[PDB]
Structure formats: structure tokens, C-alpha cells
Asker: 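Once you've had a glance at the structure underneath, I'll fire off some questions.
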Amino acid sequence: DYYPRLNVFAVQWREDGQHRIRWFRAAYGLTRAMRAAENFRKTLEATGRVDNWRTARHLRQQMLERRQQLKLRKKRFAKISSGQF
RNA sequence: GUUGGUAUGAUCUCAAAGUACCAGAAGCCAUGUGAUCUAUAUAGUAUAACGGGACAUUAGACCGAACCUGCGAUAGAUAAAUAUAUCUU
């Protein structure tokens, strides 16, 4: 998208539920800024940092760190699931 | 051939005066003037504005123009302006 008051091209996407935006100043050139924004968006899509465009490989790869964080949480709240406390 | 009082002119203001050498308070009371600034969603007798985007999707939801509004920094602060000028307010 284009923000005219700021004179920037913005890329807005969603990554892990969060809504994220990045700016690309157009003073360096309208075509250059727009193409930089498009290239950044396509790089995010390819690397799997946009949720709706992810592939099975990206989901599998992200599930590993998801599992690590979930195990940390489980150890955090271990004493409740066992029946003590 | 043993009374010294009575009234006025001047002068002064000495616990004289509806003024008391002059200037000078915040404030009190009476009668009026202000809802064109400002508070009360402008009580429809009246009345308009909000370009776009993300699989956000009936939202006191998100990023952002117009519009409403202005964190902090700098200057100004006998101003360009009695409150502004620049910017991701």
C-alpha cells in the first residue's frame, strides 16, 4: 500500500498471528521503493513468514520451535497438572 | 466705700461633625449586562464528513490519508503567533 502523507510504500502482513508493517521511503524513487516493497513481500512469502502463504515444509519447520516453547511452558506449570500444590 | 460675670471678633481642631490632611486593598451589598468564547453528545425547528489496504470480517477491531487532536526535542518565550513553527503526536 502507499501512505502519501509519509511518502512511503508499506508492506503489511501477518506472521504468527501478529499484524506487522514495514515502510519503504519513496524519496529515493517511486519505482525503486515500490519494487523494494514487492521484493520484501515476496521474500517473506518464500521464507514462510506470511501465515496464509505458508507451505507444509514451513509449517513443519516452525512446529519444532513451537514444541520447544510448549515444553518450556509445560515445565513452568508442571506442579498444577500433577495434583500437588 | 470688698460679687465678676455675659456676648462677640480672631485662632485651632484638642475623644465636634451624615466629609475631618490627601492618595490607596483584597473584598461586601443592591440593580442590571453577558451562553456570539466556553460546559451541558446540537433536546431534528434544522444539519453534513470520513480517499484506501491486510482471508481483519456485523467490530466502542488493526495500518494509515482527509478530518479531529499534538508526546518529546529545538527555537521562540521585549514571538512570524498570547501559545506557534518541523517531525513516525
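Lettering follows sequence order; numbering is per chain, from 1.
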Asker: First and last nucleotide of RNA chain B touching chain A, 5' to 3', heavy-atom cut-off 4.0 Å?
Answerer: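 So the contact region on RNA chain B extends B/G52 to B/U89.
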Asker: Under a 4.0 Å heavy-atom cut-off, which of residues 1-21 of chain A touch RNA chain B?
Answerer: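 Residues of residues 1-21 of chain A under 4.0 Å from RNA chain B: A/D1, A/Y3, A/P4, A/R5, A/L6, A/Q12, A/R14, A/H19, A/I21.
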Asker: What integer number of Å spans the P atoms of B/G44 and B/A61?
Answerer: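 Between the two P atoms, the distance is 26 Å.
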Asker: So, are B/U6 and B/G27 a pair, meaning Watson-Crick or G-U wobble with each of the two distances under 3.5 Å?
Answerer: no
Asker: Using the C1'-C2'-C3'-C4' torsion, classify the pucker of B/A17 as north or south, with positive meaning north.
Answerer: south
Asker: Give the other cluster members for A/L72, using side-chain heavy-atom distances under 4.5 Å between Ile, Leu, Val, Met, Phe, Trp and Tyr residues; answer none if it is isolated.
Answerer: none
Asker: Checking one value: the base orientation of B/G27, syn if chi is within 90 degrees of 0, otherwise anti.
Answerer: anti
Asker: Can you name the nearest heavy-atom pair linking A/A10 to A/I21, along with the distance?
Answerer: CB-CG2, 3.9 Å
Asker: Does atom CE of A/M63 have more than 12 heavy-atom neighbours, drawn from other residues, nucleotides or ligands, at distances under 6.0 Å?
Answerer: no
Asker: Rounded to whole angstrom, note down the P distance from B/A20 over to B/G24.
Answerer: 13 Å
Asker: Using the P atom in both, what is the distance from B/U33 to B/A79, to the nearest Å?
Answerer: 41 Å
Asker: Take the six-membered rings of bases B/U74 and B/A75, measure centre-to-centre distance and interplanar angle, and say whether these fall under 5.5 Å and 30° respectively.
Answerer: yes
Asker: If we take the P atom in both B/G60 and B/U88, what is their distance in whole Å?
Answerer: 31 Å
Asker: At what distance, to the nearest 0.5 angstrom, does CD of A/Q68 lie from CZ of A/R66?
Answerer: 13.0 Å
Asker: Would you confirm whether the neighbouring bases B/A39 and B/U40 count as stacked, given the thresholds of 5.5 angstrom between ring centres and 30 degrees between planes?
Answerer: yes
Asker: Check A/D16 with A/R54, please: is the shortest side-chain N to carboxylate O separation under 4.0 Å?
Answerer: yes
Asker: With syn defined as a glycosidic angle within 90° of 0 and anti as everything else, classify B/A43.
Answerer: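 Because its glycosidic torsion lies within 90° of 0, B/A43 adopts the syn conformation.
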Asker: What's the gap between B/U78 and B/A73 when it is taken at their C1' atoms, as a whole Å value?
Answerer: 26 Å
Asker: Please look at the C1'-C2'-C3'-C4' dihedral of B/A56 and say whether its sugar is north or south.
Answerer: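 Because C1'-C2'-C3'-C4' is positive here, the pucker of B/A56 counts as north.
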Asker: Could you tell me whether a side-chain N or O of A/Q62 sits under 3.5 Å from a main-chain N or O of A/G48, the two making a donor and an acceptor?
Answerer: yes
Asker: Just curious, B/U45 north or south if you read off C1'-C2'-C3'-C4'?
Answerer: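 With a positive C1'-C2'-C3'-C4' torsion, B/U45 is north.
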Asker: Under 5.5 Å centre to centre and under 30° between the ring planes, is that true for the bases of B/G18 and B/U19?
Answerer: no
Asker: Where does B/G60 land, syn or anti, once you apply the within-90°-of-0 test for syn?
Answerer: syn
Asker: If I pick the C1' atom on B/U36 and the same atom on B/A59, what distance separates them, to the nearest angstrom?
Answerer: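 Between the two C1' atoms, the distance is 41 Å.
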Asker: Return the set of residues passing side chain to side chain donor-acceptor pair (under 3.5 Å) with A/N52 (not counting sequence neighbours), or none when no residue passes.
Answerer: none
Asker: B/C29 and B/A43: how far apart are their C1' atoms, nearest whole angstrom?
Answerer: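 Here B/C29 and B/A43 have their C1' atoms 38 Å from each other.
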Asker: Is the backbone N or O of A/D51 less than 3.5 Å from a side-chain atom of A/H58, with the two atoms forming a donor-acceptor pair by type?
Answerer: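 Not confirmed, A/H58 side chain does not pair with A/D51 backbone.
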Asker: Does B/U8 have its sugar in the north or the south range once you look at the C1'-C2'-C3'-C4' torsion?
Answerer: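 The B/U8 sugar sits on the north side, the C3'-endo region.
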Asker: Is there a Watson-Crick or G-U wobble pair between B/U86 and B/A73, both distances under 3.5 angstrom?
Answerer: yes
Asker: State, with a plain yes or no, whether a side-chain heavy atom of A/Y2 is found less than 4.5 Å away from one of A/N7.
Answerer: yes
Asker: Applying side chain to side chain donor-acceptor pair (under 3.5 Å) as the test, list every pair that has at least one member in residues 31-41 of chain A; sequence neighbours left out.
Answerer: A/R41-A/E45
Asker: Should B/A59 be called syn or anti, with syn set as within 90° of 0?
Answerer: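 That one's anti.
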Asker: Do the six-membered rings of B/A79 and B/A80 lie with centres under 5.5 Å apart and planes under 30° from parallel?
Answerer: no
Asker: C1'-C2'-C3'-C4' for B/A54: north (positive) or south (negative)?
Answerer: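 Here the sugar adopts a north pucker, which is what a positive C1'-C2'-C3'-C4' value indicates.
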Asker: Mind checking the CZ-CZ spacing from A/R20 to A/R14? Nearest 0.5 Å is all I need.
Answerer: 10.5 Å
Asker: For RNA chain B, which residues in residues 25-50 of chain A have a heavy atom at a distance below 4.0 Å?
Answerer: none
Asker: For A/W13 and A/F40, take the angle between the two ring planes, folded into 0 to 90°, and tell me which bin it lands in: parallel under 30, tilted 30 to 60, perpendicular over 60.
Answerer: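 Judged by the thresholds at 30° and 60°, the geometry between A/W13 and A/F40 is perpendicular.
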Asker: Give a yes or no on this: more than 12 heavy atoms of other residues, nucleotides or ligands lie within 6.0 Å of atom CD of A/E65.
Answerer: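 For A/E65, atom CD is crowded (more than 12 foreign heavy atoms under 6.0 Å).
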Asker: For atom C1', what is the distance between B/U58 and B/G72, given to the nearest Å?
Answerer: 40 Å
Asker: Tell me whether B/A54 and B/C55 stack, counting them as stacked only when the base ring centres are under 5.5 Å apart and the planes differ by under 30°.
Answerer: no
Asker: Considering all heavy atoms of both residues, which atom of A/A33 and which atom of A/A26 are nearest to each other, and what is their separation?
Answerer: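 Of all heavy-atom pairs spanning A/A33 and A/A26, the closest is CB-CA, 3.7 Å.
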Asker: Could you check if B/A10 and B/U57 make a Watson-Crick or G-U wobble pair, where both distances must be under 3.5 Å?
Answerer: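 As far as the geometry goes, B/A10 and B/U57 are not base-paired to each other.
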